[PDB]
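S.K.: For the sequence shown, the working numbering assigns the number 7 to the initial residue and increments by one for each residue that follows.
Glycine is no exception: its CB is placed at the ideal position from the N, C-alpha and C atoms.
Mind looking over this structure? Questions follow.
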Amino acid sequence: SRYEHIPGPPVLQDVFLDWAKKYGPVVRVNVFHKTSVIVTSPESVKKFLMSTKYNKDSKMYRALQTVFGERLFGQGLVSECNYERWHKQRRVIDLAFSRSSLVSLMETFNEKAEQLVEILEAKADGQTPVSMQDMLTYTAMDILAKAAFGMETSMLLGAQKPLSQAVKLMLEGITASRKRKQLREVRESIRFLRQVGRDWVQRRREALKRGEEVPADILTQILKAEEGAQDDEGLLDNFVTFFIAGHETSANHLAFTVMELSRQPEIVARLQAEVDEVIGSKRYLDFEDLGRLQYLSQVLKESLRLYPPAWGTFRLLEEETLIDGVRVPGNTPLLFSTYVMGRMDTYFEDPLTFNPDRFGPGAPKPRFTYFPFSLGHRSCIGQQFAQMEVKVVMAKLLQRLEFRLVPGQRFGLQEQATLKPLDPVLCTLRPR
Ligand code: HEM
Ligand SMILES: Cc1ccccc1C1=NN(C(=O)c2ccncc2)C(C)(C)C1
Numbered sequence: 007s008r009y010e011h012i013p014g015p016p017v018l019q020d021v022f023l024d025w026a027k028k029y030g031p032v033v034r035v036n037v038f039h040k041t042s043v044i045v046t047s048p049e050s051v052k053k054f055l056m057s058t059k060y061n062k063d064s065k066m067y068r069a070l071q072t073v074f075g076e077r078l079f080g081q082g083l084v085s086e087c088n089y090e091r092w093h094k095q096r097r098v099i100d101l102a103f104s105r106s107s108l109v110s111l112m113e114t115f116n117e118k119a120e121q122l123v124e125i126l127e128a129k130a131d132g133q134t135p136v137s138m139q140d141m142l143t144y145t146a147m148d149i150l151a152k153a154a155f156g157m158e159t160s161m162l163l164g165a166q167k168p169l170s171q172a173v174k175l176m177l178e179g180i181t182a183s184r185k186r187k188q189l190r191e192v193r194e195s196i197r198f199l200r201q202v203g204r205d206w207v208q209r210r211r212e213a214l215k216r217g218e219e220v221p222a223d224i225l226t227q228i229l230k231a232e233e234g235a236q237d238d239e240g241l242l243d244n245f246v247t248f249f250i251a252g253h254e255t256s257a258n259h260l261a262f263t264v265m266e267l268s269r270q271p272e273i274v275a276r277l278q279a280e281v282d283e284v285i286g287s288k289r290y291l292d293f294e295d296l297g298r299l300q301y302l303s304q305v306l307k308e309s310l311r312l313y314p315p316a317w318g319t320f321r322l323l324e325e326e327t328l329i330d331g332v333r334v335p336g337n338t339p340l341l342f343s344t345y346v347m348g349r350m351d352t353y354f355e356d357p358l359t360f361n362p363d364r365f366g367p368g369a370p371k372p373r374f375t376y377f378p379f380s381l382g383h384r385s386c387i388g389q390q391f392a393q394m395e396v397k398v399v400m401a402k403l404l405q406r407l408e409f410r411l412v413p414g415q416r417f418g419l420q421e422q423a424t425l426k427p428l429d430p431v432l433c434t435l436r437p438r
């Protein structure tokens, strides 16, 4: 009743889009456990996301913390909602995301991208159906495992099928809650994931002791954040957090980019030409190469406008506040959605047209209407990691292969924690 005065109704993101267009920039939604208010003006985006006065709503992030009673992300970097506890771990883990840290990861990006293209090239007979969704998730997972944790998962070669199963069941579990044996499959998968964590951490600890060669990475920092903690729960929260966050969205963004580009032959021809000019035949992209893939950068940004895997974020409004002429009561989750704003014609001209030129030099940058990595203090710690890795993978594909989507494959979305292609992006391939 306390929310009844707010405009609202008497893939869910698409329903939210319809509601925002019909009811304006502040709309009550009663889908989540609570009533929340979707705020879609750039004025609100700027006010709430760009200030440390506003923090994440813990009632919303509880669904990441714990799933069917099993600790999943716990109080890790994504799901910790208290500013001070968040800040303490952010500053330590930030060390793994410096320019100097990221530059050293180019080797791993190159090796796994090369392995993926060699695998695809062998199937490029213009006939064999290849799930690009699957191949890209395996590459993303193999990259993350090696880069962040020093482990070789070999999913690209069919290894670690249980591990991929567990991630899949746990993602479905997030959405399920947000019978008998689905609960079992989910619960086990989460424990599996945490048990993997304890394994690698034990391995890392063994290596360090008789001082084997142990290169500084994300794991180094998450360990450092927990130095002198009372047990390993905080450590394993971040293991799982980075295990999942460090591949799932990257994979999704890759899959969506490949899917969309399969109907964009003129953009594909421009991307192929850019890659031919900047890297040529070289089998390795350097760091300075990446910055020269300017058109590719723009394409990837446009892909994230229309297809953000992580569609938005929540903040807690503590005190009753006027928001764009609406009285929003205190103790209210505010939902921000780059998916919704990306598809509104008040913010983007012809919003459904895929146009990389929106992100060209000399184009007015979108002011608070576009945030696929979020904004402010709680923006994506892995944004530059992701940007580098997806560029490497995309550049290698474009260098070497032509993709055609199998007819019958759809362009629609599903929701499994994140947004991802409904279909497996089944393609036939030919060498360039
Ligand atoms: C295209 C790929 C990626 C996208 C679209 C993405 C998107 C996002 C978004 C929207 C948030 C804010 C979440 C919220 O408000 O609840 C976020 C935060 C985060 N992302 Fe990502 N992410 C990507 C890749 C990565 C990678 C590669 C890593 C790690 C290797 C990562 C780790 C995180 C973490 C740990 C946070 C929490 C940051 C904090 O609150 O301090 N993400 N990301
Ligand atoms: C944050 C978010 C908002 C809206 C909808 C979904 C998500 C998720 N992000 N996720 C990540 O792993 C992730 C988080 C941050 N950077 C990269 C990946 C899931 C836990 C899978 C779900």
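1) Less than 8 Å between the CB atoms is what I'm expecting for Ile-125 and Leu-162, so what's the real figure, rounded?
2) Identify every residue that forms a DSSP beta bridge with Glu-76.
3) Taking the alpha carbon of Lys-52 as the reference point, which residue from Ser-343, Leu-407 and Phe-354 has its own alpha carbon closest?
4) With a cut-off of 8 Å, do at least 3 Cβ pairs link the stretch 263-275 to the stretch 102-111?
5) Mind checking whether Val-284 and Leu-267 have CB atoms under 8 Å apart?
6) Could you name each continuous alpha helix (DSSP H) segment of 4 residues or more that falls completely within the stretch 156-237, going from the start of the chain to the end?
7) What's the call for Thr-134, buried or exposed, on a 16-neighbour Cβ count within 10 Å?
8) How is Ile-12 classed by DSSP in three states: helix, strand or coil?
9) Indicate the three-state DSSP secondary structure (helix, strand or coil) for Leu-18 in the structure shown.
10) First and last residue of the alpha helix (DSSP H) that includes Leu-101?
11) When the Cβ atoms of the stretch 333-349 are set against those of the stretch 396-406, are three or more pairs found closer than 8 Å?
12) Can you confirm whether the stretch 429-438 touches the stretch 404-413 when touching is taken to mean that 3 or more C-beta pairs between the two stretches lie within less than 8 Å?
13) Between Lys-397 and ligand 1, is the CB less than 7 Å from at least one heavy atom?
14) For the beta strand (DSSP E) that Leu-260 lies in, which residues bound it at each end?
15) Assign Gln-405 to buried or exposed, taking buried as 16 or more other Cβ atoms, counted over all protein chains shown, within 10 Å of its Cβ.
16) Output yes or no for whether 8 Å exceeds the beta carbon distance between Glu-421 and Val-17.
17) Determine the extent of the beta strand (DSSP E) in which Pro-271 is found, giving its start and end residues.
18) Give me the residue from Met-265, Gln-390 and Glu-233 with the minimum Cα distance to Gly-414.
19) Hey, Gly-388 and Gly-252 are a contact pair by Cβ (cut 8 Å); roughly how many whole angstroms apart?
M.R.: In brief:
1) With 8 Å as the limit, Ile-125 and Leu-162 qualify as a contact, their Cβ atoms being about 6 Å apart.
2) BP columns for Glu-76 point to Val-73.
3) Closest by alpha carbon: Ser-343.
4) The stretch 263-275 makes no contact with the stretch 102-111: fewer than 3 CB pairs, one atom from each, lie closer than 8 Å.
5) Here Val-284 is not near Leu-267, since their CB atoms are 8 Å or more apart.
6) With a minimum length of 4 residues, the continuous alpha helix (DSSP H) runs that stay inside the stretch 156-237 are 167-183, 186-215 and 224-231.
7) It counts as exposed.
8) Here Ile-12 sits in coil by DSSP.
9) Correct three-state label for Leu-18: helix.
10) Looking at the DSSP string, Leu-101 is not in any alpha helix (DSSP H), and its letter there is neither H nor E.
11) In short, these stretches do not touch, since the Cβ pair count stays below three.
12) Yes, the stretch 404-413 is in contact with the stretch 429-438.
13) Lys-397: no, Cβ never under 7 Å from ligand 1.
14) First-last for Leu-260: 254-267, but that is the alpha helix (DSSP H), not the beta strand (DSSP E).
15) The residue in question, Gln-405, is buried, as its Cβ has 16 or more Cβ neighbours within 10 Å.
16) Yes.
17) Annotation: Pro-271 is outside any beta strand (DSSP E); the continuous alpha helix (DSSP H) that includes it extends over 271-284.
18) The candidate whose alpha carbon is nearest that of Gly-414 is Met-265.
19) Indeed they touch by this definition, with Cβ atoms about 6 Å apart.
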